[PDB]
>>> print(open('target-v2.txt').read())   # compact mmCIF, N, CA and C atoms
# COMPACT_ATOMS: atom_id res chain seq x y z
N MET V 1 0.86 -1.22 0.00
CA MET V 1 0.00 0.00 0.00
C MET V 1 0.88 1.25 0.00
N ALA V 2 1.60 1.48 -1.07
CA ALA V 2 2.48 2.68 -1.13
C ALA V 2 3.26 2.66 -2.45
N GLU V 3 4.15 3.60 -2.63
CA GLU V 3 4.95 3.63 -3.89
C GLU V 3 6.44 3.69 -3.56
N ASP V 4 6.99 4.87 -3.48
CA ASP V 4 8.44 5.00 -3.16
C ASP V 4 8.65 6.16 -2.19
N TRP V 5 7.74 6.37 -1.28
CA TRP V 5 7.89 7.48 -0.30
C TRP V 5 9.24 7.34 0.42
N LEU V 6 10.25 8.00 -0.06
CA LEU V 6 11.59 7.90 0.60
C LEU V 6 11.91 9.22 1.30
N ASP V 7 12.83 9.20 2.23
CA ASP V 7 13.20 10.44 2.96
C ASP V 7 13.47 11.56 1.95
N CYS V 8 12.87 12.71 2.14
CA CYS V 8 13.10 13.84 1.19
C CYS V 8 14.42 14.54 1.55
N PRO V 9 15.37 14.47 0.65
CA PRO V 9 16.70 15.09 0.86
C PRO V 9 16.64 16.60 0.60
N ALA V 10 16.19 17.00 -0.57
CA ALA V 10 16.12 18.46 -0.89
C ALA V 10 15.65 19.25 0.34
N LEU V 11 14.51 18.91 0.87
CA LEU V 11 14.00 19.64 2.07
C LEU V 11 14.63 19.07 3.33
N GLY V 12 14.48 17.79 3.56
CA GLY V 12 15.07 17.18 4.78
C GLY V 12 14.09 16.16 5.38
N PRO V 13 14.10 16.06 6.68
CA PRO V 13 13.22 15.13 7.42
C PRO V 13 11.80 15.68 7.51
N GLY V 14 10.83 14.83 7.72
CA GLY V 14 9.42 15.30 7.82
C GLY V 14 8.79 15.33 6.43
N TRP V 15 9.53 15.73 5.44
CA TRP V 15 8.97 15.79 4.06
C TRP V 15 9.19 14.45 3.36
N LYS V 16 8.15 13.90 2.78
CA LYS V 16 8.30 12.59 2.07
C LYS V 16 8.49 12.85 0.58
N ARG V 17 9.51 12.30 -0.01
CA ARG V 17 9.74 12.53 -1.46
C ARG V 17 9.41 11.26 -2.25
N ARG V 18 8.24 11.20 -2.82
CA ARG V 18 7.85 10.00 -3.61
C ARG V 18 8.04 10.29 -5.10
N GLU V 19 8.43 9.31 -5.87
CA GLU V 19 8.63 9.55 -7.33
C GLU V 19 7.73 8.60 -8.14
N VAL V 20 7.45 8.95 -9.36
CA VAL V 20 6.59 8.08 -10.21
C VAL V 20 7.15 8.04 -11.63
N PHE V 21 6.77 7.06 -12.41
CA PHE V 21 7.29 6.98 -13.80
C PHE V 21 8.81 7.15 -13.79
N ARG V 22 9.44 6.78 -12.71
CA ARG V 22 10.92 6.92 -12.64
C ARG V 22 11.58 5.55 -12.84
N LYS V 23 11.02 4.52 -12.28
CA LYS V 23 11.62 3.16 -12.44
C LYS V 23 11.22 2.60 -13.80
N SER V 24 10.06 2.00 -13.90
CA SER V 24 9.63 1.43 -15.20
C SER V 24 9.45 2.56 -16.22
N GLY V 25 9.96 2.38 -17.41
CA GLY V 25 9.82 3.44 -18.44
C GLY V 25 11.11 3.53 -19.27
N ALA V 26 11.01 3.98 -20.49
CA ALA V 26 12.22 4.09 -21.35
C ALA V 26 13.29 4.91 -20.62
N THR V 27 14.47 4.98 -21.16
CA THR V 27 15.56 5.75 -20.50
C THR V 27 15.13 7.22 -20.37
N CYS V 28 14.10 7.61 -21.07
CA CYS V 28 13.64 9.03 -20.98
C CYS V 28 12.20 9.06 -20.47
N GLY V 29 11.83 8.11 -19.65
CA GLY V 29 10.44 8.08 -19.12
C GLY V 29 10.25 9.22 -18.11
N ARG V 30 9.65 10.30 -18.53
CA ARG V 30 9.44 11.44 -17.59
C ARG V 30 8.88 10.91 -16.27
N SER V 31 9.61 11.06 -15.20
CA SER V 31 9.12 10.56 -13.88
C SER V 31 8.48 11.72 -13.11
N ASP V 32 7.24 11.58 -12.74
CA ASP V 32 6.56 12.66 -11.97
C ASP V 32 7.00 12.58 -10.51
N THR V 33 6.91 13.66 -9.78
CA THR V 33 7.34 13.61 -8.35
C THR V 33 6.31 14.31 -7.47
N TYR V 34 5.81 13.63 -6.48
CA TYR V 34 4.81 14.25 -5.56
C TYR V 34 5.34 14.14 -4.13
N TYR V 35 5.09 15.13 -3.32
CA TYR V 35 5.60 15.07 -1.92
C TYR V 35 4.43 15.04 -0.94
N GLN V 36 4.64 14.49 0.23
CA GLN V 36 3.56 14.43 1.24
C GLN V 36 4.02 15.13 2.52
N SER V 37 3.32 16.15 2.93
CA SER V 37 3.72 16.88 4.17
C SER V 37 3.50 15.96 5.37
N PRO V 38 4.02 16.37 6.50
CA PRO V 38 3.90 15.61 7.75
C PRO V 38 2.51 15.81 8.37
N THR V 39 1.63 16.49 7.68
CA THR V 39 0.27 16.71 8.23
C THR V 39 -0.77 16.03 7.33
N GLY V 40 -0.42 15.77 6.10
CA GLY V 40 -1.38 15.11 5.18
C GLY V 40 -1.67 16.02 3.99
N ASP V 41 -0.85 17.02 3.78
CA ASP V 41 -1.08 17.95 2.64
C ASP V 41 -0.21 17.52 1.46
N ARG V 42 -0.80 16.95 0.44
CA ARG V 42 0.00 16.51 -0.73
C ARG V 42 0.16 17.67 -1.72
N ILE V 43 1.36 17.91 -2.18
CA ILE V 43 1.58 19.02 -3.14
C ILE V 43 2.37 18.50 -4.34
N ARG V 44 2.17 19.07 -5.50
CA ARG V 44 2.92 18.60 -6.70
C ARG V 44 3.30 19.78 -7.59
N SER V 45 3.11 20.99 -7.11
CA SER V 45 3.47 22.18 -7.94
C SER V 45 4.86 22.67 -7.53
N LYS V 46 5.59 21.88 -6.80
CA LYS V 46 6.95 22.29 -6.38
C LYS V 46 6.87 23.53 -5.49
N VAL V 47 7.00 24.70 -6.05
CA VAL V 47 6.94 25.93 -5.21
C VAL V 47 5.66 25.91 -4.37
N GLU V 48 4.60 25.33 -4.89
CA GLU V 48 3.34 25.29 -4.10
C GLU V 48 3.63 24.69 -2.73
N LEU V 49 4.37 23.61 -2.68
CA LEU V 49 4.70 23.00 -1.36
C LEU V 49 5.70 23.91 -0.64
N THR V 50 6.50 24.62 -1.38
CA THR V 50 7.48 25.54 -0.74
C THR V 50 6.71 26.60 0.05
N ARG V 51 5.96 27.43 -0.63
CA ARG V 51 5.18 28.48 0.08
C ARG V 51 4.32 27.82 1.16
N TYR V 52 4.00 26.57 1.00
CA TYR V 52 3.17 25.87 2.02
C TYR V 52 4.01 25.68 3.29
N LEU V 53 5.01 24.85 3.23
CA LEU V 53 5.86 24.62 4.43
C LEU V 53 6.20 25.96 5.07
N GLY V 54 6.40 26.98 4.27
CA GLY V 54 6.74 28.32 4.83
C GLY V 54 8.17 28.68 4.44
N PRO V 55 8.76 29.57 5.20
CA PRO V 55 10.14 30.03 4.97
C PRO V 55 11.14 28.98 5.47
N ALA V 56 10.67 27.84 5.89
CA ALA V 56 11.60 26.79 6.39
C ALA V 56 12.12 25.96 5.21
N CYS V 57 11.42 25.96 4.11
CA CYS V 57 11.88 25.17 2.93
C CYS V 57 11.73 26.01 1.66
N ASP V 58 12.37 25.61 0.59
CA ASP V 58 12.26 26.38 -0.68
C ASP V 58 12.48 25.44 -1.87
N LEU V 59 11.88 25.74 -2.99
CA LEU V 59 12.06 24.87 -4.18
C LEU V 59 12.10 25.72 -5.45
N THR V 60 12.24 27.01 -5.30
CA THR V 60 12.29 27.89 -6.50
C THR V 60 13.25 27.29 -7.53
N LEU V 61 14.40 26.86 -7.10
CA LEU V 61 15.38 26.26 -8.05
C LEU V 61 15.35 24.74 -7.93
N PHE V 62 14.51 24.23 -7.07
CA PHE V 62 14.42 22.75 -6.89
C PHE V 62 13.88 22.10 -8.17
N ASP V 63 14.46 21.01 -8.57
CA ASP V 63 13.97 20.32 -9.80
C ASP V 63 12.88 19.33 -9.42
N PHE V 64 11.66 19.59 -9.82
CA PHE V 64 10.55 18.66 -9.47
C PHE V 64 10.71 17.36 -10.26
N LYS V 65 11.82 16.69 -10.08
CA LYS V 65 12.05 15.42 -10.82
C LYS V 65 13.41 14.84 -10.42
N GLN V 66 14.39 15.68 -10.27
CA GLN V 66 15.74 15.19 -9.87
C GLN V 66 15.86 15.20 -8.34
N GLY V 67 15.16 16.09 -7.69
CA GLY V 67 15.22 16.14 -6.20
C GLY V 67 16.38 17.03 -5.76
N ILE V 68 16.68 18.06 -6.50
CA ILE V 68 17.81 18.95 -6.12
C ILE V 68 17.45 20.41 -6.40
N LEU V 69 18.06 21.33 -5.70
CA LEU V 69 17.78 22.77 -5.92
C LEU V 69 19.08 23.56 -5.76
N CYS V 70 19.25 24.61 -6.51
CA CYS V 70 20.51 25.40 -6.39
C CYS V 70 20.19 26.84 -6.01
N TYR V 71 21.13 27.53 -5.42
CA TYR V 71 20.89 28.95 -5.03
C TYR V 71 22.19 29.74 -5.17
N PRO V 72 22.31 30.45 -6.27
CA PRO V 72 23.50 31.27 -6.56
C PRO V 72 23.48 32.56 -5.74
N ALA V 73 24.06 32.54 -4.58
CA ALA V 73 24.07 33.76 -3.73
C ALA V 73 22.65 34.34 -3.66
N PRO V 74 21.91 33.92 -2.67
CA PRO V 74 20.53 34.38 -2.45
C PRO V 74 20.52 35.77 -1.83
N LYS V 75 20.91 36.77 -2.58
CA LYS V 75 20.93 38.15 -2.04
C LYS V 75 19.69 38.91 -2.52
>>> encode(input="target-v2.txt", output="structure tokens")
Amino acid sequence: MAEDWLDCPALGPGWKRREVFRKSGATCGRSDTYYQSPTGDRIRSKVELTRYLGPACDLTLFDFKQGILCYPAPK
């Protein structure tokens, strides 16, 4: 009864990072990525979950597929 809800690295603990269309699929099978908050709020718009968690997390540069985000001097 689940998929691949693994510890979310980009954000950290508490956030579940599940992936889809990532395992089975051609070498270019676009894998979708959905996250589950620690309260039951599922988000899939990337920044949508960012503004949700609050100023504690961010995904503006986060890749909703690779699980990584970059920040070139956040000034």
>>> residues_near_point(input="target-v2.txt", point="(0.7, 16.1, -0.7)", cutoff="12 Å", atoms="only C-alpha atoms", output="NGL selection string")
:V and (5 or 15-18 or 33-46 or 48-50 or 52-53)
>>> atom_distance(input="target-v2.txt", atom1="atom CA of residue V:6", atom2="atom CA of residue V:31")
14.9 Å
>>> residues_around(input="target-v2.txt", residues="residue V:32", least_positions_apart="5", cutoff="6.5 Å", atoms="only N, CA and C atoms", output="number ranges by chain")
V: 18-22, 64-65
>>> axis_aligned_box(input="target-v2.txt", around="stretch 29-40 of chain V", padding_each_side="4 Å", output="lines of an AutoDock Vina configuration file")
center_x = 5.1
center_y = 12.5
center_z = -5.6
size_x = 21.5
size_y = 16.8
size_z = 36.0
>>> select_by_dssp(input="target-v2.txt", residues="stretch 28-74 of chain V", states="strand (DSSP E or B)", output="list in words")
residues 33, 34, 35, 36, 42 and 43 of chain V
>>> atom_distance(input="target-v2.txt", atom1="atom CA of residue V:54", atom2="atom C of residue V:14")
13.2 Å
>>> atom_distance(input="target-v2.txt", atom1="atom CA of residue V:2", atom2="atom C of residue V:69")
27.1 Å
>>> select_by_dssp(input="target-v2.txt", residues="chain V", states="alpha helix (DSSP H)", output="list in words")
residues 47, 48, 49, 50, 51, 52 and 53 of chain V
>>> closest_residue(input="target-v2.txt", among="V:30, V:61, V:47, V:67", to="residue V:8", atoms="all atoms listed in the file")
V:67
>>> closest_residue(input="target-v2.txt", among="V:70, V:75, V:26, V:57", to="residue V:13", atoms="only C-alpha atoms")
V:57
>>> closest_residue(input="target-v2.txt", among="V:72, V:29, V:23, V:11", to="residue V:59", atoms="only C-alpha atoms")
V:11
